[PDB]
Amino acid sequence: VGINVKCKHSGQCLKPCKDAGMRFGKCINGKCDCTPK
């Protein structure tokens, strides 16, 4: 789930999610959400 970054796509979020300790990314309300383990 969520990190603390602003995304445009579910990629824009995937990179920081993964990079922050997650698996994938999903953008919700302009902010990021992750799809972790």
# chains A, B, ... in the order shown; residues from 1 in each chain; ligands from 1

call {"tool": "select_by_dssp", "arguments": {"residues": "chain A", "states": "strand (DSSP E)", "output": "VMD selection string"}}
result
chain A and resid 25 to 27 32 to 34

call {"tool": "select_by_dssp", "arguments": {"residues": "chain A", "states": "helix (DSSP H, G or I)", "output": "PyMOL selection string"}}
result
chain A and resi 14-20

call {"tool": "residues_around", "arguments": {"residues": "residue 8 in chain A", "least_positions_apart": "6", "cutoff": "10 Å", "atoms": "only C-alpha atoms", "output": "list in words"}}
result
residues 26, 27, 28, 29, 30, 31 and 32 of chain A

call {"tool": "residues_around", "arguments": {"residues": "residue 34 in chain A", "least_positions_apart": "6", "cutoff": "6 Å", "atoms": "only C-alpha atoms", "output": "list in words"}}
result
residues 1, 2, 17, 24, 25 and 26 of chain A

call {"tool": "atom_distance", "arguments": {"atom1": "CA of residue 4 in chain A", "atom2": "CA of residue 37 in chain A"}}
result
18.3 Å

call {"tool": "decode", "arguments": {"residues": "range 4-34 of chain A", "atoms": "N, CA and C atoms", "output": "PDB file, in the first residue's frame"}}
result
ATOM      1  N   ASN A   4       4.533   7.662  -0.054  1.00  0.00           N
ATOM      2  CA  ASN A   4       4.532   9.119   0.248  1.00  0.00           C
ATOM      3  C   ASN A   4       4.978   9.865  -1.035  1.00  0.00           C
ATOM      4  N   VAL A   5       4.540   9.403  -2.182  1.00  0.00           N
ATOM      5  CA  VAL A   5       4.928  10.065  -3.467  1.00  0.00           C
ATOM      6  C   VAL A   5       3.676  10.299  -4.304  1.00  0.00           C
ATOM      7  N   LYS A   6       3.813  11.234  -5.211  1.00  0.00           N
ATOM      8  CA  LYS A   6       2.722  11.621  -6.126  1.00  0.00           C
ATOM      9  C   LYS A   6       3.007  10.975  -7.490  1.00  0.00           C
ATOM     10  N   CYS A   7       2.022  10.253  -7.949  1.00  0.00           N
ATOM     11  CA  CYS A   7       2.089   9.533  -9.256  1.00  0.00           C
ATOM     12  C   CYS A   7       1.105  10.079 -10.280  1.00  0.00           C
ATOM     13  N   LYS A   8       1.375   9.608 -11.463  1.00  0.00           N
ATOM     14  CA  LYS A   8       0.595   9.940 -12.686  1.00  0.00           C
ATOM     15  C   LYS A   8       0.039   8.604 -13.204  1.00  0.00           C
ATOM     16  N   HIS A   9       0.877   7.597 -13.122  1.00  0.00           N
ATOM     17  CA  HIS A   9       0.515   6.219 -13.581  1.00  0.00           C
ATOM     18  C   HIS A   9       0.836   5.190 -12.499  1.00  0.00           C
ATOM     19  N   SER A  10       0.483   3.968 -12.810  1.00  0.00           N
ATOM     20  CA  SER A  10       0.718   2.827 -11.881  1.00  0.00           C
ATOM     21  C   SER A  10       2.136   2.251 -12.126  1.00  0.00           C
ATOM     22  N   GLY A  11       2.975   3.121 -12.633  1.00  0.00           N
ATOM     23  CA  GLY A  11       4.405   2.834 -12.962  1.00  0.00           C
ATOM     24  C   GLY A  11       5.155   3.833 -12.080  1.00  0.00           C
ATOM     25  N   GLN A  12       4.707   5.060 -12.206  1.00  0.00           N
ATOM     26  CA  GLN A  12       5.231   6.240 -11.464  1.00  0.00           C
ATOM     27  C   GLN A  12       5.286   5.919  -9.955  1.00  0.00           C
ATOM     28  N   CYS A  13       4.437   4.987  -9.610  1.00  0.00           N
ATOM     29  CA  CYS A  13       4.267   4.478  -8.222  1.00  0.00           C
ATOM     30  C   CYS A  13       5.036   3.162  -8.004  1.00  0.00           C
ATOM     31  N   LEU A  14       5.044   2.334  -9.013  1.00  0.00           N
ATOM     32  CA  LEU A  14       5.749   1.016  -8.972  1.00  0.00           C
ATOM     33  C   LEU A  14       7.243   1.163  -8.678  1.00  0.00           C
ATOM     34  N   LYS A  15       7.872   2.116  -9.314  1.00  0.00           N
ATOM     35  CA  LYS A  15       9.306   2.361  -9.125  1.00  0.00           C
ATOM     36  C   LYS A  15       9.647   2.709  -7.658  1.00  0.00           C
ATOM     37  N   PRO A  16       9.042   3.722  -7.068  1.00  0.00           N
ATOM     38  CA  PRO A  16       9.304   4.088  -5.646  1.00  0.00           C
ATOM     39  C   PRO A  16       8.797   3.011  -4.698  1.00  0.00           C
ATOM     40  N   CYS A  17       7.711   2.364  -5.036  1.00  0.00           N
ATOM     41  CA  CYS A  17       7.172   1.301  -4.160  1.00  0.00           C
ATOM     42  C   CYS A  17       8.245   0.220  -4.014  1.00  0.00           C
ATOM     43  N   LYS A  18       8.602  -0.330  -5.147  1.00  0.00           N
ATOM     44  CA  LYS A  18       9.629  -1.403  -5.215  1.00  0.00           C
ATOM     45  C   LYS A  18      10.874  -0.916  -4.481  1.00  0.00           C
ATOM     46  N   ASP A  19      11.314   0.230  -4.943  1.00  0.00           N
ATOM     47  CA  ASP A  19      12.525   0.937  -4.408  1.00  0.00           C
ATOM     48  C   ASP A  19      12.405   1.248  -2.910  1.00  0.00           C
ATOM     49  N   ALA A  20      11.187   1.314  -2.435  1.00  0.00           N
ATOM     50  CA  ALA A  20      10.961   1.610  -0.978  1.00  0.00           C
ATOM     51  C   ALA A  20      10.716   0.310  -0.184  1.00  0.00           C
ATOM     52  N   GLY A  21      10.715  -0.798  -0.885  1.00  0.00           N
ATOM     53  CA  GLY A  21      10.511  -2.138  -0.282  1.00  0.00           C
ATOM     54  C   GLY A  21       9.167  -2.798  -0.569  1.00  0.00           C
ATOM     55  N   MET A  22       8.690  -2.663  -1.779  1.00  0.00           N
ATOM     56  CA  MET A  22       7.394  -3.263  -2.171  1.00  0.00           C
ATOM     57  C   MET A  22       7.614  -4.102  -3.435  1.00  0.00           C
ATOM     58  N   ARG A  23       6.532  -4.464  -4.078  1.00  0.00           N
ATOM     59  CA  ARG A  23       6.610  -5.268  -5.318  1.00  0.00           C
ATOM     60  C   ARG A  23       6.165  -4.396  -6.499  1.00  0.00           C
ATOM     61  N   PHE A  24       4.908  -4.007  -6.525  1.00  0.00           N
ATOM     62  CA  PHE A  24       4.418  -3.148  -7.655  1.00  0.00           C
ATOM     63  C   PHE A  24       3.802  -1.853  -7.114  1.00  0.00           C
ATOM     64  N   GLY A  25       3.356  -1.064  -8.059  1.00  0.00           N
ATOM     65  CA  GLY A  25       2.727   0.240  -7.821  1.00  0.00           C
ATOM     66  C   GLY A  25       1.359   0.406  -8.460  1.00  0.00           C
ATOM     67  N   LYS A  26       0.600   1.281  -7.857  1.00  0.00           N
ATOM     68  CA  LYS A  26      -0.769   1.591  -8.331  1.00  0.00           C
ATOM     69  C   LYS A  26      -1.000   3.043  -7.939  1.00  0.00           C
ATOM     70  N   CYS A  27      -1.559   3.821  -8.826  1.00  0.00           N
ATOM     71  CA  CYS A  27      -1.799   5.247  -8.462  1.00  0.00           C
ATOM     72  C   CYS A  27      -3.273   5.285  -8.073  1.00  0.00           C
ATOM     73  N   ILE A  28      -3.560   6.030  -7.035  1.00  0.00           N
ATOM     74  CA  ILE A  28      -4.981   6.125  -6.559  1.00  0.00           C
ATOM     75  C   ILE A  28      -5.655   7.489  -6.736  1.00  0.00           C
ATOM     76  N   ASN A  29      -5.356   8.359  -5.818  1.00  0.00           N
ATOM     77  CA  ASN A  29      -5.921   9.745  -5.810  1.00  0.00           C
ATOM     78  C   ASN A  29      -4.840  10.780  -6.131  1.00  0.00           C
ATOM     79  N   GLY A  30      -3.930  10.390  -6.983  1.00  0.00           N
ATOM     80  CA  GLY A  30      -2.826  11.315  -7.363  1.00  0.00           C
ATOM     81  C   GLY A  30      -1.577  10.856  -6.611  1.00  0.00           C
ATOM     82  N   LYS A  31      -1.805  10.160  -5.519  1.00  0.00           N
ATOM     83  CA  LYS A  31      -0.714   9.638  -4.663  1.00  0.00           C
ATOM     84  C   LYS A  31      -0.490   8.159  -4.998  1.00  0.00           C
ATOM     85  N   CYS A  32       0.628   7.646  -4.552  1.00  0.00           N
ATOM     86  CA  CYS A  32       0.971   6.210  -4.820  1.00  0.00           C
ATOM     87  C   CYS A  32       0.442   5.221  -3.790  1.00  0.00           C
ATOM     88  N   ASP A  33       0.268   4.017  -4.281  1.00  0.00           N
ATOM     89  CA  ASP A  33      -0.218   2.866  -3.492  1.00  0.00           C
ATOM     90  C   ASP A  33       0.622   1.681  -3.974  1.00  0.00           C
ATOM     91  N   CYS A  34       0.987   0.764  -3.121  1.00  0.00           N
ATOM     92  CA  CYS A  34       1.802  -0.382  -3.588  1.00  0.00           C
ATOM     93  C   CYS A  34       1.062  -1.709  -3.496  1.00  0.00           C
TER      94      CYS A  34
END
